[PDB]
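In: experimental coordinates follow, after the sequence.
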Amino acid sequence: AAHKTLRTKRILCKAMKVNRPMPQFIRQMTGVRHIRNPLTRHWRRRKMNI
Amino acid sequence: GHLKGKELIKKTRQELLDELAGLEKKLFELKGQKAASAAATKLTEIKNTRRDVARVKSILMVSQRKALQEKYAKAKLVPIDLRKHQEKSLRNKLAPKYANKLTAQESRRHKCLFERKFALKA
Amino acid sequence: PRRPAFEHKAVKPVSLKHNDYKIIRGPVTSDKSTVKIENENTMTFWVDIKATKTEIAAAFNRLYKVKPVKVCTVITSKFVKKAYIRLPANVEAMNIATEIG
Amino acid sequence: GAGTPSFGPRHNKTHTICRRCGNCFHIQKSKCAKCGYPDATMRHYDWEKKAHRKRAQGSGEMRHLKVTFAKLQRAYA
RNA sequence: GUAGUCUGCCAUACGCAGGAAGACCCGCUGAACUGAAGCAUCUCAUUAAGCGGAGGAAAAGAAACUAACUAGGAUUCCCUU
RNA sequence: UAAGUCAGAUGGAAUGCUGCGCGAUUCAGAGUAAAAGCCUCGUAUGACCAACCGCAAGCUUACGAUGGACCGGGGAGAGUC
RNA sequence: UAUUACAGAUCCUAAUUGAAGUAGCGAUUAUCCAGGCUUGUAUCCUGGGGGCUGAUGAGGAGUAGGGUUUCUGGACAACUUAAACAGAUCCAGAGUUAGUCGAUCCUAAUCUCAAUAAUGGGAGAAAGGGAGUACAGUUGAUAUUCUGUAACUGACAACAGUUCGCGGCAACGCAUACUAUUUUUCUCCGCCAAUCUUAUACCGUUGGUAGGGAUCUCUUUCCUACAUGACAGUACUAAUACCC
RNA sequence: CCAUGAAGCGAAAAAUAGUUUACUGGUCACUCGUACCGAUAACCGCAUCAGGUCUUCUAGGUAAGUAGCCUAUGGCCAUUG
RNA sequence: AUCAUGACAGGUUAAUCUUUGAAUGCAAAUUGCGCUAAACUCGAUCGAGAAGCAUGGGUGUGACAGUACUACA
């Protein structure tokens, strides 16, 4: 960046909208506990390698 | 409100197309207002009208296909859409008449040498 | 020259599909768009990602019956297209926005 | 010499995303190491029988193929 | 010049080939560790990996076959030899 | 598709404990607030009524097919063994 | 009937001691005082001292790479060798606007298909080639992209008015088409050294007027400010090259 | 200089044929990138690592100076008491 | 939504079937660069979308090339 391609930009979009906390209502629905979002990361710690 | 797939079959093609566009318009206005107003009840109305616009598209397409198959049925080399699905293997496997057909030597002897029934006495 | 013996694909589709209603998804609700409506007479919309400015200008005209002056086209970090549509001097952008709501 | 200081100028990318694999497509050599694109046949060897069955059928959706298993249950039961 | 043929190349109408999977099956190619208390023939082995190709099974198959008898009679597999 | 949500005490809950009944072509198994032949699904076993009920190939009465004997014949896979 | 008895294998996996409140808390200019906000600040902000960096700057901006770290609001279980209301941390929202900047288009080193009835086609540079934009303003984050104002380049249309070739001895000037072939030019090119000169910066002699700083004494002083874009025009001054 | 220092697309010109009248003065401009860092904590070194990594705009004084030393604009007290 | 104009997390079959991939209009670290008789569908004669267009080989059909063979001039 800048000067990213479009299909590069498509991946970086999907990588940041997927990065969030898990919703509250799944724990209320299924009753499971201790499920983490796997595709959470931090930009500084883990690099994507894409 | 929402409407059944049975009773749409009776209606005309052009009657469905004006029904379609009017039904699809009220989808677009609700997608505008879900940003502003949001909230319950609207979010079931947007669900139903998405299901209904499929209902109209679906029965148009089977109304087309049953009519349009009758045009090309009972005729050589039909279109690819109107051919039946099948497997790759089953198409290329030749029809069992050709596999099983008899040579002019073989058929003429099969006049006499067929697989006849028989039995024994007690 | 070429001329096939039958149509290959006989079934034509039921409607346009790539429609005026499905180009323009709907308006964007932010604090930036609120200022650009009032000040510059300039709307904002979420758009289909393959839609051109020529497609948007015609599609905006067919729905709301106002021919736009300019269209300027972002693709966001959310990977959906945003279209800043300037209306002409006569119409007010608040008056078009109140109809939609 | 060969450690921390010489890690500094490591900014170029040897491999890039591959279309068929989507995973290690060599830019200079232009071949997907993992899948062999663009060779028409897809890369696997019998010495990597472990790593192959991560890629091979079953791993993905099987949209067309799962309904053709399900027919053969009904016909023989 | 025209009217047949022969040979070549191009364009087009209609169905076919490719890719997946590969335990089993068919055809090639082909090691070494190892054993021989060393090692070179030999062995591991006409095996592993590699290349090419099939089917629900494949391949084989109707005598230029055994036998030496008081004679058997396509191919395949199991027991024994 | 059989036969006790039996009675009494204990318990948050009875399928266990004590005592009396009943089923079985069904005591395989599971569910049920606790260990269940009889609380529920089943299991067992015959009875019941709908759906079909067709694809090619060959037939079908004699100089039509097939075979034996006798008369008169031809040939049997080449850069292959 | 057996995956049948453990203290050792620098055994395997999992948890845990002493050493130990010990070693140590580095490198980077330097902190101090009064206020604000708070249960709570030397640390977060304001004001005032004292300092540092000292135009190859911890200044303002970009390739490659990172990918939301940017911006506003709220939050302190953890992290940022103590503290913390702070933060590149956590949470919720928001943000990247182009005919003129780039990519796209051309080829280079180089790579890859096809034909041989052929004499090639395609790929390959976000530092090479390459038509065309400037100022001012505006947002919490965007600007040569938005708004205002002024340009410019290309392609596709008809339509109105002019015009059917002349000047200079010459160097050359002024209003003139299209297709094709060939020929030439621009694009267009190493490194080093010297002289002359616009623009920008800086230092200057001459004054000046606006505001601010300084003052026991001295200083008609000291500091800041004194500016005009792309684009389009036609005067004569005066240059060097080359030609008549 | 025993070194002689890209190509191609594109554009204009000229010559020789042939066909000729020309010149000046409304609409539209697709596609994709655009935030911020650029080492000083945002890149590579497992990390907010005294390391490493291409370039740009470049003030005054001292001095031969793009040295060292001091200071406006800009940025800062990075550093437990 | 209830003795049905038939609820939905049920099970098939048929539609719809985004960008890709053998990937196939020519390419590709690019949302780059094409082409088309009618019909189709909006668009008001003429634009656009929709849908076409790969290589190899088979049979047919047509066209071109040849001082290849031959007859009649």
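Out: Perfect, I can see it now. Numbers count the residues shown, from 1 in each chain, chains lettered A, B, ... in the order given.
In: how about stretch B:20-38 and chain C, any contact?
Out: Yes - for stretch B:20-38, a contact with chain C is found by C-beta under 8 Å from any C-beta of the partner chain, at B:20, B:24-25, B:27-29, B:31-37. (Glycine included, C-beta is placed from N, CA and C.)
In: can the helix or strand harbouring residue D:67 be found next to RNA strand E?
Out: If you go by DSSP states H and E, residue D:67 is part of helix D:63-75. No - with C-beta under 7 Å from any atom of the strand as the criterion, RNA strand E is not reached by helix D:63-75; the gap is at least 8.5 Å.
In: buried residues in that helix?
Out: By neighbour count with 16 or more other C-beta atoms under 10 Å in any protein chain shown, helix D:63-75 contains no buried residues.
In: who's in contact with that helix?
Out: residue D:57 (C-beta atoms under 8 Å, 6 or more residues apart in numbering or on different chains).
In: the residue of chain A found nearest RNA strand I and chain D, how far apart?
Out: Proximity of chain A to RNA strand I (C-beta to the nearest atom of the strand) peaks at residue A:6, 3.9 Å away. Residue A:6 sits at a distance of 13 Å from chain D (criterion: C-beta to the nearest C-beta, to the nearest Å).
In: neighbours of that residue, how many?
Out: 9 (other C-beta atoms under 10 Å in any protein chain shown).
In: mind listing what the nearest residue to it once chain neighbours are set aside touches?
Out: Leaving aside its sequence neighbours, residue A:6 sits nearest to residue C:75 (C-beta to C-beta, 6 or more residues apart in numbering or on different chains; 8.0 Å). Residues in contact with residue C:75 (C-beta under 8 Å, 6+ apart) are A:6, A:9, C:49, C:81-82.
In: so what sits opposite residue C:75 in the bridge?
Out: Beta-bridge partners recorded for residue C:75 (DSSP bridges): residue C:81.
In: so which residues of chain C form strands?
Out: Using DSSP state E, the strands found in chain C span residues C:24-27, C:42-47, C:70-75, C:81-86.
In: pairing partners for the first one, with directions?
Out: What that stands for is strand C:24-27. In the sheet, strand C:24-27 lines up with strand C:42-47 (antiparallel) (DSSP bridges).
In: what about the residue nearest to residue C:99 when sequence neighbours are not counted, neighbour count?
Out: Once flanking residues are discounted, residue C:99 sits nearest to residue C:64: 8.0 Å by C-beta to C-beta, 6+ apart. Counted with other C-beta under 10 Å, the neighbours of residue C:64 add up to 17.
In: just the element for residue B:68, please.
Out: helix B:42-72.
In: any idea how far chain C is from the residue in chain D positioned nearest to RNA strand G?
Out: RNA strand G sits closest to residue D:11 of chain D, with a gap of 3.8 Å, by C-beta to the nearest atom of the strand. Using C-beta to the nearest C-beta, residue D:11 is found at 24 Å from chain C.
In: secondary structure class for that residue?
Out: Assigned with DSSP: H, G, I helix; E, B strand; the rest coil, residue D:11 falls in the coil class.
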